[PDB]
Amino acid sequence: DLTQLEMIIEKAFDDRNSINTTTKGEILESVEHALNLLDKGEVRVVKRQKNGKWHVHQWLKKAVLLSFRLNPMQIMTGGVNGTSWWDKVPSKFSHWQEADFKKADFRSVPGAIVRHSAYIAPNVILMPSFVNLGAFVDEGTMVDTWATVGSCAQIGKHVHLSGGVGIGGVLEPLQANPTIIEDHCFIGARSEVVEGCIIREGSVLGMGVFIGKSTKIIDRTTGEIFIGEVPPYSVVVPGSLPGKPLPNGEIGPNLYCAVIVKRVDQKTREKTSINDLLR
């Protein structure tokens, strides 16, 4: 029953300053249990509504924040020459055996790093990469080498996160939607989507696309400006817009922006290659 669990987390978070490494009992159990529900993908930090809008369940963010006060800093073994690390967030794979990996049915390449409470769906491929607390990585998604899925981020099904891609983490403010990459998006290498922006489903981002909360996204044919959202089935590449003249009157510098070069549909995505879409 999620209803009771949320109630405790809401009230315990209100008294969060009294929570520490000595707190046990119902508060400790509720937070832990919630992080296991997250780790399994049974709950998620944000859920998509019928309208297509995403709504945050704040008590899950509060549970993650509360886990920082509950768990102590500890020696974590496994470093070079038998040295240690010093942290208070366990790996997702703590106590995982072959049977556990067979059940989860995803591939974790040596170098992959995943914190507990992050959900990894079946048929995902984790290259050497980092997945932070509360993230959700759905069916068949590729997380390529040195990619980062930040806290609470949502990665949809059959997403390709290319090498060096950063999906920015979003914990506070509590009301903020985390960064969201919807189903069937291609995120080109070195791209970055942060600060709770959403890439609507079927979109294709070329290499070097940066999308933050205050990034101008312009449809090259329409003239429309989007903030924090890329509409469905968009092909997006990096560009620049003119700036204000310099104080001496000389032509001003251009400023970076994201450029929507195509808006397609589902049939176009299934029929046309990524490279053709970007050409």
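Quick note: we count residues from 1 along the sequence shown, nothing fancier.
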{"property": "77-85 or 195-203, whichever carries the higher mean Cα B-factor", "result": "195-203"}
{"property": "Greater mean Cα temperature factor according to the PDB record, 25-33 or 215-223", "result": "215-223"}
{"property": "Entry-reported Cα temperature factor of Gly208, expressed as the chain third it lands in", "result": "middle"}
{"property": "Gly111 - which third its CA temperature factor falls in, relative to the rest of the chain", "result": "lowest"}
{"property": "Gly140, C-alpha B-factor rank within chain (lowest, middle or highest third)", "result": "lowest"}
{"property": "Cα B factor band for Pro173 (lowest, middle or highest third within the chain)", "result": "highest"}
